[PDB]
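Visitor: Input target_24.cif, format and content: mmCIF, C-alpha atoms.
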data_work
#
loop_
_atom_site.label_atom_id
_atom_site.label_comp_id
_atom_site.auth_asym_id
_atom_site.auth_seq_id
_atom_site.Cartn_x
_atom_site.Cartn_y
_atom_site.Cartn_z
CA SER A 2560 98.72 62.53 153.67
CA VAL A 2561 97.95 64.88 150.77
CA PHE A 2562 99.80 67.74 149.08
CA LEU A 2563 97.86 70.99 148.76
CA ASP A 2564 97.65 71.97 145.09
CA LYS A 2565 96.73 75.63 145.67
CA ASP A 2566 97.03 78.04 148.62
CA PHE A 2567 94.56 77.47 151.46
CA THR A 2568 92.47 80.29 152.95
CA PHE A 2569 94.03 82.02 155.97
CA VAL A 2570 93.01 80.96 159.48
CA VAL A 2571 93.47 82.72 162.83
CA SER A 2572 95.94 81.23 165.31
CA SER A 2573 97.94 82.16 168.41
CA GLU A 2574 101.53 83.40 168.11
CA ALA A 2575 102.90 80.30 169.84
CA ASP A 2576 100.97 77.90 167.60
CA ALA A 2577 101.62 79.90 164.42
CA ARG A 2578 105.38 80.07 164.95
CA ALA A 2579 105.20 76.29 165.28
CA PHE A 2580 103.45 76.13 161.90
CA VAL A 2581 106.46 77.86 160.38
CA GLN A 2582 108.81 75.24 161.82
CA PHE A 2583 107.49 72.49 159.51
CA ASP A 2584 106.60 74.08 156.17
CA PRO A 2585 108.56 77.23 156.37
CA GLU A 2586 109.03 77.73 152.63
CA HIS A 2587 105.48 76.42 152.23
CA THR A 2588 103.65 78.24 155.05
CA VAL A 2589 103.14 81.91 155.83
CA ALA A 2590 102.40 83.56 159.20
CA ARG A 2591 101.79 87.19 160.24
CA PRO A 2592 101.08 89.19 163.38
CA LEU A 2593 97.67 90.85 163.35
CA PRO A 2594 98.54 94.30 164.79
CA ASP A 2595 95.23 94.81 166.60
CA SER A 2596 94.63 91.38 168.14
CA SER A 2597 98.32 90.42 168.47
CA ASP A 2598 97.44 86.95 167.14
CA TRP A 2599 98.69 85.38 163.91
CA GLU A 2600 97.21 84.37 160.56
CA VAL A 2601 98.28 81.00 159.16
CA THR A 2602 98.26 80.59 155.38
CA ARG A 2603 99.35 77.33 153.76
CA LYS A 2604 100.76 77.75 150.26
CA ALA A 2605 100.93 75.20 147.46
CA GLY A 2606 103.19 72.24 148.23
CA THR A 2607 102.23 71.91 151.89
CA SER B 1983 67.27 96.53 166.02
CA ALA B 1984 68.76 97.64 162.71
CA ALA B 1985 67.10 96.76 159.39
CA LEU B 1986 70.58 96.94 157.81
CA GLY B 1987 71.03 93.15 157.96
CA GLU B 1988 70.79 92.60 154.20
CA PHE B 1989 73.16 95.51 153.61
CA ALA B 1990 75.77 93.45 155.45
CA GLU B 1991 75.24 90.65 152.94
CA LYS B 1992 75.50 93.15 150.09
CA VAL B 1993 78.99 94.03 151.33
CA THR B 1994 80.16 90.41 151.28
CA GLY B 1995 79.33 89.90 147.60
CA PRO B 1996 81.58 92.57 146.03
CA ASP B 1997 84.29 91.46 148.47
CA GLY B 1998 84.16 88.12 146.68
CA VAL B 1999 84.05 90.01 143.39
CA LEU B 2000 86.99 92.07 144.65
CA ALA B 2001 89.00 89.09 145.90
CA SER B 2002 88.43 87.01 142.76
CA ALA B 2003 89.32 89.91 140.46
CA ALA B 2004 92.40 90.74 142.53
CA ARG B 2005 93.81 87.25 142.01
CA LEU B 2006 93.49 87.67 138.24
CA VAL B 2007 95.65 90.80 138.21
CA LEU B 2008 98.11 88.98 140.48
CA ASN B 2009 97.83 91.68 143.13
CA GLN B 2010 99.36 90.06 146.19
CA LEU B 2011 97.60 90.33 149.54
CA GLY B 2012 99.15 89.17 152.78
CA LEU B 2013 102.70 90.00 151.71
CA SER B 2014 104.02 91.19 155.08
CA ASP B 2015 107.06 89.22 156.26
CA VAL B 2016 109.97 89.73 158.62
CA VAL B 2017 112.13 92.27 156.79
CA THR B 2018 112.23 95.86 158.05
CA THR B 2019 110.86 96.36 161.58
CA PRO B 2020 112.90 93.70 163.44
CA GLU B 2021 116.11 94.87 161.75
CA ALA B 2022 115.20 98.37 162.88
CA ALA B 2023 114.27 96.89 166.26
CA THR B 2024 117.71 95.26 166.32
CA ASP B 2025 119.25 98.61 165.39
CA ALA B 2026 117.08 100.40 167.95
CA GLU B 2027 118.17 97.81 170.52
CA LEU B 2028 121.87 98.48 169.94
CA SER C 1983 99.50 73.86 119.28
CA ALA C 1984 96.30 75.79 119.92
CA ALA C 1985 96.36 79.51 120.78
CA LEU C 1986 93.10 78.95 122.68
CA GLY C 1987 94.91 78.71 126.04
CA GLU C 1988 93.60 82.02 127.40
CA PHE C 1989 90.09 81.13 126.22
CA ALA C 1990 90.26 78.26 128.69
CA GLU C 1991 90.96 80.75 131.47
CA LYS C 1992 88.08 82.91 130.26
CA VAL C 1993 85.76 79.95 130.82
CA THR C 1994 86.89 79.50 134.43
CA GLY C 1995 86.00 83.06 135.46
CA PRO C 1996 82.25 83.05 134.69
CA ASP C 1997 82.11 79.58 136.25
CA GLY C 1998 83.16 81.28 139.48
CA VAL C 1999 80.67 84.03 138.71
CA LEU C 2000 78.10 81.31 138.03
CA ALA C 2001 78.90 79.28 141.15
CA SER C 2002 78.94 82.30 143.47
CA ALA C 2003 75.67 83.65 142.07
CA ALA C 2004 74.04 80.21 142.27
CA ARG C 2005 74.71 80.01 146.01
CA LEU C 2006 72.93 83.34 146.51
CA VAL C 2007 69.71 82.09 144.91
CA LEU C 2008 70.06 78.91 146.99
CA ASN C 2009 70.04 76.74 143.88
CA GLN C 2010 71.29 73.40 145.14
CA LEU C 2011 73.96 71.52 143.19
CA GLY C 2012 75.04 68.00 144.03
CA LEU C 2013 71.61 66.96 145.30
CA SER C 2014 71.64 63.37 144.01
CA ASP C 2015 71.14 60.80 146.79
CA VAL C 2016 69.94 57.23 147.10
CA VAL C 2017 66.21 57.50 146.47
CA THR C 2018 64.79 56.26 143.17
CA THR C 2019 67.14 54.01 141.16
CA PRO C 2020 68.03 51.45 143.86
CA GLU C 2021 64.37 51.09 144.84
CA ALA C 2022 63.64 50.51 141.16
CA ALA C 2023 66.68 48.22 141.07
CA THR C 2024 65.20 46.37 144.04
CA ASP C 2025 61.87 46.19 142.21
CA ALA C 2026 63.62 45.15 138.99
CA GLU C 2027 65.47 42.50 141.00
CA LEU C 2028 62.26 40.96 142.34
CA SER D 1983 53.70 95.35 155.19
CA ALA D 1984 57.28 94.26 154.51
CA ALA D 1985 59.94 96.75 153.42
CA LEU D 1986 61.68 93.86 151.64
CA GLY D 1987 60.19 94.81 148.26
CA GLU D 1988 63.47 95.99 146.73
CA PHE D 1989 65.22 92.89 148.06
CA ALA D 1990 62.92 90.92 145.77
CA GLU D 1991 64.21 92.93 142.82
CA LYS D 1992 67.78 92.35 143.98
CA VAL D 1993 67.16 88.61 143.66
CA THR D 1994 65.96 88.90 140.06
CA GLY D 1995 69.15 90.59 138.84
CA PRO D 1996 71.71 87.87 139.71
CA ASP D 1997 69.20 85.33 138.38
CA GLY D 1998 69.65 87.04 135.02
CA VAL D 1999 73.39 87.11 135.68
CA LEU D 2000 73.14 83.43 136.60
CA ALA D 2001 71.02 82.45 133.60
CA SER D 2002 73.15 84.37 131.09
CA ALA D 2003 76.40 82.97 132.49
CA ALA D 2004 74.96 79.44 132.57
CA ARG D 2005 74.26 79.55 128.83
CA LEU D 2006 77.90 80.45 128.16
CA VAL D 2007 79.20 77.35 129.93
CA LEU D 2008 76.57 75.32 128.05
CA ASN D 2009 75.07 74.04 131.30
CA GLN D 2010 71.73 72.64 130.22
CA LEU D 2011 68.61 73.45 132.21
CA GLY D 2012 65.26 71.82 131.56
CA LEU D 2013 66.78 68.51 130.47
CA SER D 2014 64.16 66.19 131.98
CA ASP D 2015 62.53 63.91 129.39
CA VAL D 2016 60.70 60.60 129.34
CA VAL D 2017 63.45 58.08 130.05
CA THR D 2018 63.59 56.42 133.47
CA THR D 2019 60.40 56.76 135.55
CA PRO D 2020 57.83 55.50 133.00
CA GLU D 2021 60.03 52.51 132.15
CA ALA D 2022 60.19 51.82 135.87
CA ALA D 2023 56.46 52.52 136.02
CA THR D 2024 56.02 49.98 133.22
CA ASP D 2025 58.19 47.54 135.16
CA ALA D 2026 56.33 48.33 138.38
CA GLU D 2027 53.08 47.77 136.50
CA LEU D 2028 54.07 44.29 135.36
#
Write the structure described by the file as structure tokens, please.

Guide:
Amino acid sequence: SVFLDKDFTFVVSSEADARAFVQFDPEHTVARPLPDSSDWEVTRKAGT
Amino acid sequence: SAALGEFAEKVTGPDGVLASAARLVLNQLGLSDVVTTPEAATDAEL
Amino acid sequence: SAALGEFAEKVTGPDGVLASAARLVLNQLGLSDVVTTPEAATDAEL
Amino acid sequence: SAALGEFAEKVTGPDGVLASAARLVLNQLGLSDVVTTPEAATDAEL
């Protein structure tokens, strides 16, 4: 178990999996709908 | 088919130059959160 | 104590410029493996 | 034969960008001297 010191590069994920991401971190993670593909980007900030 | 293959690589480089420089000026990318649309969607729902 | 603080940041930038440019020329960093020394160490042991 | 001729020139430029930037960070190139191998060669000779 390690704490991320600086924000990780965004990765593509499904809406169901990305909303889940938010349920753990939520101050520490960031998720957005990609308008064209309807999927979500998952970006882990510092402190994750 | 297209000889342009190295012109695709030449796009990637300045993107890195762009991205790195953008972080120095603290210009924030990927700032879109849940603020406006769903509230409007809630209003449009009512 | 030292006002040099922003001159530390100004070192980091070209390092990124250096590192990114180095990858383009395929100059390989962190190439040291187990090749010479231990064989010599084995020879020096005998 | 190969249209790549200007892509050879485009390699040279960043090399200059690489070399110039490398001197700023005081990263030393061409550091290999007589230290290890001949001593090992002397040991391997004995």

Visitor: Contacts between chain A and chain B, please, where a residue of chain B counts if it comes within 9 Å (with all atoms listed in the file); show its shortest atom pair and distance in Å to one decimal, rows by chain and ascending number, as a Markdown table.

Guide:
| residue | atom | partner | partner_atom | distance |
| --- | --- | --- | --- | --- |
| B:2012 | CA | A:2591 | CA | 8.2 |
| B:2014 | CA | A:2591 | CA | 6.9 |
| B:2015 | CA | A:2591 | CA | 6.9 |
| B:2016 | CA | A:2591 | CA | 8.7 |

Visitor: Go ahead and save the picked residues with C-alpha atoms, as a PDB file, keeping the file's coordinate frame.

Guide:
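What follows is the written file result-v9.pdb:
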ATOM      1  CA  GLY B2012      99.150  89.170 152.780  1.00  0.00           C
ATOM      2  CA  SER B2014     104.020  91.190 155.080  1.00  0.00           C
ATOM      3  CA  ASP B2015     107.060  89.220 156.260  1.00  0.00           C
ATOM      4  CA  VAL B2016     109.970  89.730 158.620  1.00  0.00           C
TER       5      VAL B2016
END

Visitor: Determine the residue membership of the PyMOL selection byres ((chain A and resi 2572) around 7) for the file above and supply it as a list in words.

Guide: residues 2570, 2571, 2573, 2574, 2576, 2577, 2598, 2599, 2600 and 2601 of chain A

Visitor: Pull out every residue of chain C that has at least one atom within 9 Å of chain B, counting all atoms listed in the file, and report them as JSON, numbers by chain.

Guide: {"C": [1995, 1998, 1999, 2002]}

Visitor: So which residues get picked by the PyMOL selection byres ((chain B and resi 1988-1994) around 12) here, written as a PyMOL selection string?

Guide: (chain B and resi 1984-1987+1995-2001) or (chain C and resi 2002+2006) or (chain D and resi 1985-1986+1988-1990+1992-1993)

Visitor: As an exercise, work out the distance from atom CA of residue C:2010 to atom CA of residue D:2018 in Å and give it to one decimal place.

Guide: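 The value is 22.0 Å.
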
Visitor: Give me, please, the distance in Å between atom CA of residue D:2009 and atom CA of residue C:2004, quoted to one decimal.

Guide: 12.6 Å

Visitor: State, in Å with one decimal place, the distance from atom CA of residue A:2604 to atom CA of residue A:2587.

Guide: 5.3 Å

Visitor: Since I can't run it myself right now, could you work out what the PyMOL selection byres ((chain D and resi 2025) around 12) selects here and report it as a ChimeraX atom specification?

Guide: /C:2022-2028 /D:2018-2024,2026-2028

Visitor: Build an axis-aligned box that encloses every atom of stretch 2576-2588 of chain A listed in the file, pad it by 3 Å on each side, and report its centre and edge lengths in Å to one decimal, as AutoDock Vina command-line options.

Guide:
--center_x 105.0 --center_y 76.3 --center_z 159.9 --size_x 14.1 --size_y 13.6 --size_z 21.4
